[PDB]
Amino acid sequence: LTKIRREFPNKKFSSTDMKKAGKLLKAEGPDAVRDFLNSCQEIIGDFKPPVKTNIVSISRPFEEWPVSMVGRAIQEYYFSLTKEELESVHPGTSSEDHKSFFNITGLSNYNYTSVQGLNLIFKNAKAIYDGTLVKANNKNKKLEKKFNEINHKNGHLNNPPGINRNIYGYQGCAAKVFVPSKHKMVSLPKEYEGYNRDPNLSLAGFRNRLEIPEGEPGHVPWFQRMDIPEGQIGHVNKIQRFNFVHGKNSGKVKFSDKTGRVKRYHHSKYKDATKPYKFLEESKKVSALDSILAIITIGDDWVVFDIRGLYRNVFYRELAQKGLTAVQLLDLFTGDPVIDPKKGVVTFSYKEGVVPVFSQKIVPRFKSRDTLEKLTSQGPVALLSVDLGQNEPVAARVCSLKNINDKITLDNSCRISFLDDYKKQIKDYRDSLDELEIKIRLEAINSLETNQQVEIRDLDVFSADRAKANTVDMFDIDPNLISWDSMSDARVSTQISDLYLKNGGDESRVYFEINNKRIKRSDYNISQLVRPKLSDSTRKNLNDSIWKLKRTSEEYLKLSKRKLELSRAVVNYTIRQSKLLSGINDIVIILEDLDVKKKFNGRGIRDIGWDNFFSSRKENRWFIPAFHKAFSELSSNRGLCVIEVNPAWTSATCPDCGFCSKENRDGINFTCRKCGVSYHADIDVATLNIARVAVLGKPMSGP
DNA sequence: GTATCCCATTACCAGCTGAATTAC
DNA sequence: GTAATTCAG
RNA sequence: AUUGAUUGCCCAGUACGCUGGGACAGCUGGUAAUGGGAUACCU
Ligand code: NI
Ligand SMILES: [Zn+2]
């Protein structure tokens, strides 16, 4: 069938058509398959984003489901076998094959005979088992090839995979809109009483938030509606306006220009504990009755879940026609959702042709010149060069590349400057990490007994003074001689060590012996040597309390997410600005190929001074890996063209002169040694050189 | 400067994420 | 009327 | 029927009644790495 497909290069075929093409080819013949492929409609995309839904109620715990018990059993049996044994035991797709499988194997199904369901289990388990062999083979083949070039110039799985607890739905258990009339055995919690929703009616029930009365859930407070005109719905009284205190920085409602998501129930906004939500029960009941419920029935077990997750996601991607119904909403997604028992969610995937995105891979460095040649052949293309750095989190420059042979110049191109808001967000993220650590430690300290508490609190406040006293004692020196407020640990400083070297100080006391060579004790090393230590029992208690609090803390996940949305927001803003500056919307993103696995994660930062040696180091990890992944994943998640070029000798070569030297870079300032022209090291030189490398076919020469 | 625990995160790479028709 | 067959790069 | 698109998740404000934004390719598994904090070595 592949040869027949190869004669349609311009037309893209969906997976359904290819699977349907095989049936036609085996049924009628090549004339039929060509005729069918001629009549196939062109697909607008092939990416299938997932949507997550909240599970409402379940008949049994997911561990007790027949599908879960058989799935875990089959997975364990497969992962306990060898390659030769698995090939002979893996069954076919027929019903008789499954029964034969359970007969030859001592393993027994738990009254689960669904052919489609067991077909998914066997197919997925073998794929996971074969994944380890593929993973090892590619690693070995790459390692052997890499070592060969440098030199010239099994049984039971060693690392068996874990059990995949996800339940994969099939056509037999396809999601249907829940009606209590047709599901008598299905129960529901108390808030889900009197549930009623006709599947075929439109879900387009839209209402204005400004009409809610002042004593009802969702009401927009008066002080947030002071800019609404008199003739509009949300206008506030003139007498009541005099009670508005200014400067409170409370939000202002967007009564006319608001676009995007509409929030209906706000019980989840009040996730604090100082004051519980006033309408918690009322909003819970109302949201329960306004839920859109779908049901998956596997055997005698059922899952009821919200498909409001589908609805919001569909309106986000602008994929719904007028008057969409629950049945149509479920038709927008494939009828094979995945159930996650641990997270308590049911995941839906879009159908292939719904989302107009063609996922693409990263263009390699040697294909940079070829890729732009095709892009410039079919109209123009906008170059987007992004440089990742520490002082500048990302520097972006947009180039309108009408012809591949055109010259790229700072006057020709435009620079996309990093916003101050994103710098503030990065600083706030780091501060939130530091405050989370401080709060966790403080709560753990407060969890201890009074004697341990007072001991720990006493140690922290006078930790620096006692250490300084120990230094001035063991090292006889004037405390005023050493500048304690300029002492540092990141840079090797020996202010105390050098002073002790005078007056015939002992070499052994000031120097530390190491296997490689003798190393002089740094000032931070001196402070840590004489730093007072807690008692063993108190230290153990504090460590146990800290670990217990951290294990159950839910803030680390929130911070990791917050970083993810921060990086993605920066990337989205950069893409939007690239579209805005150069009117053409065919953006190609040029990245520098970075090994973000290591050597790009920043260290912690410590404030200058001796007193800061005894406090926890502040978080200062760089955002380079986050921005690299967020930019690189644009190709797979959104279909954009992303190119990774060789980063060597970028920002070190003069944009005007070919001279290359390491001395050209002085940090955030670029000055060439041959010519006096000066530019910004990252914003101007780096982006321009990256764009030139992308347009050209070879990495730049150095030194 | 090195070494061992503890907590958190990640990077890389290996999977996975139907349905029309027929059978009965 | 739910469940088994049958396609794929 | 709405200016706006009903659940969920993240951030900042709040009079705690909400507003203004943000992400929307996700999951499972294994390995490795990094960051932070203690402790051990040494005069
Ligand atoms: Ni750079
Ligand atoms: Zn020059």
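Below, chain A is the first sequence line, B the second, and so on; all start at residue 1. Keep in mind that the numbers below use all heavy atoms, side chains included, and drop hydrogens, waters and symmetry copies.
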Verify the ring-centre separation between A:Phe475 and A:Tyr500: is it less than 6.0 angstrom? yes

Honestly, is A:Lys52 close enough over A:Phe348, meaning NZ or CZ under 6.0 Å from the six-membered ring centre and within 45° of the axis? no

Do A:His98 and A:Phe122 have ring centres separated by under 6.0 Å? yes

Would you list the protein and nucleotides 22-24 of chain B atom pairs, both N or O, that sit under 3.5 Å from each other?
none

Whole-angstrom distance between D:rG21 and D:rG17, as gauged at atom P: 22 Å

Rounding to the closest angstrom, what is the interatomic distance between B:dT4 and D:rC41 at atom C1'? 12 Å

Do you see a donor-acceptor pair shorter than 3.5 Å between the side chains of A:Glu352 and A:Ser15? yes

Using whole Å, report how far CZ of A:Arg562 lies from P of B:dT9. 15 Å

Here's a test of your reading of the structure: between A:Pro532 and A:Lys424, which maps to the more 5' nucleotide of RNA chain D? A:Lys424

Note: A:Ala444 and A:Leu549 closest approach over all heavy atoms is N-CD1, 3.3 Å

Between D:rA40 (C1') and A:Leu529 (CG): distance, integer Å: 13 Å

Residue A:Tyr277, side-chain atoms from C-beta onward, closest of D:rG17, D:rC24, B:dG15: D:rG17

Categorize A:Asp428 for me: base, sugar-phosphate, or nothing, with a 4.0 angstrom heavy-atom threshold over every strand shown. nothing

Check whether the side chains of A:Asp290 and A:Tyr265 place a donor and an acceptor atom closer than 3.5 Å, and report yes or no. yes

Whichever of A:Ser615 and A:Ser636 has the more 5' nearest nucleotide on RNA chain D, that residue is A:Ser636

Who pairs with A:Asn124 by side-chain hydrogen bond (donor to acceptor under 3.5 Å, both in side chains), at least two apart in sequence or on another chain? none

Measure from NZ on A:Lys548 to P on D:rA38 and round the result to the nearest Å. 20 Å

Rounded P spacing from B:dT9 to D:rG29 in Å: 14 Å

If the cut-off is 4.0 Å, is A:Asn159 near the phosphate of B:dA14, judged by side-chain N/O to OP1 or OP2? no

Taken in chain and number order and not counting sequence neighbours, the residues that satisfy salt bridge (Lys or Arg N to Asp or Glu O under 4.0 Å) with A:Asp460 are A:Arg441

Interatomic distance where CG belongs to A:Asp431 and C1' belongs to D:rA12 [whole Å]: 14 Å

What is the pairing partner of C:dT5, taking Watson-Crick or G-U wobble pairs with both distances under 3.5 Å in any strand? B:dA20

When you compare B:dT10 with D:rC10, how far apart are their P atoms, in angstrom units rounded to a whole number? 15 Å

Check salt bridge (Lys or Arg N to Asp or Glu O under 4.0 Å) between A:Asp306 and all other residues, then give those that pass, not counting sequence neighbours. A:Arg308

Whole Å only: how far is the NE2 atom of A:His628 from the P atom of B:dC12? 7 Å

Base of D:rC24 paired with side chain of A:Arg312 (donor-acceptor, under 3.5 Å): yes

Please tabulate, one pair per line, each protein N/O and nucleotide N/O from nucleotides 17-20 of chain B that are separated by under 3.5 Å, including the distance.
unit_1, atom_1, unit_2, atom_2, d
B:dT17, OP1, A:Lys123, NZ, 2.9
B:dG18, OP2, A:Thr334, OG1, 2.5
B:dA19, OP2, A:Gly335, N, 2.9
B:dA19, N6, A:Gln116, NE2, 3.4
B:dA20, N7, A:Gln171, NE2, 3.0
B:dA20, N6, A:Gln171, OE1, 3.0
B:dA20, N3, A:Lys23, NZ, 3.4

With a 4.0 Å cut-off on heavy atoms, is A:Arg531 in touch with a base, just the backbone sugar-phosphate, or nothing at all? sugar-phosphate

Is it the case that D:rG8 (base atoms only) and A:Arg261 (side chain only) share a donor and an acceptor within less than 3.5 Å, ignoring hydrogens and angles? yes

Between D:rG35 and D:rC18, how far apart are the two P atoms, rounded to whole Å? 45 Å

Please report the closest heavy-atom contact between A:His267 and A:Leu280, naming both atoms and the distance. CB-CD1, 4.1 Å

Which nucleotide wins on minimum distance to the side chain of A:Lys597, given the candidates D:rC24, D:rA32, D:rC42? D:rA32

Is the gap between the ring centers of A:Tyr168 and A:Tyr170 under 6.0 Å? no

How far, in whole Å, is D:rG20 from D:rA25 if one measures between their P atoms? 24 Å

Ignoring hydrogens and angles, does a donor from either the side chain of A:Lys135 or the base of B:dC13 sit under 3.5 Å from an acceptor on the other? yes

Using the ring pair (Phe, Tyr, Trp, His ring centres under 6.0 Å) rule, pick out the option among A:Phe623, A:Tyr573, A:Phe627 that qualifies with A:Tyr422. A:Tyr573

What is the distance, to the nearest angstrom, from the CD atom on A:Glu437 to the P atom on D:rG35? 15 Å

Roughly how far apart, to the nearest Å, are D:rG37 and D:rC24 at atom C1'? 35 Å

Dump the intermediate steps for salt bridge (charged side-chain N to carboxylate O under 4.0 Å, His left out) on A:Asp434 and A:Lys618, then the final yes or no. CA-CA 6 Å; A:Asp434 300 352; A:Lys618 293 187 286 185; 5.9 Å; no

In whole angstrom, what separates A:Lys269's NZ from D:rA15's P? 16 Å

Distance check needed: D:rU6 P versus A:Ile212 CD1, whole Å only. 13 Å

Atom of A:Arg621, atom of A:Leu433 and distance for their closest heavy-atom approach: NH2-CD1, 4.4 Å

Quote, to the nearest angstrom, the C1' distance that separates D:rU19 from D:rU14. 9 Å

Quick one: which of D:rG17, B:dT10, D:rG8 gets closest to the side chain of A:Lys629? B:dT10

Requiring both pairing distances under 3.5 angstrom, list the stems that contain RNA chain D and are made of three or more consecutive Watson-Crick or G-U pairs. B:2-11 with D:31-40, B:13-17 with D:25-29, D:9-13 with D:18-22

Within the 4.0 Å heavy-atom criterion, would you say A:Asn601 contacts the bases, only the backbone, or no part of the nucleic acid? sugar-phosphate

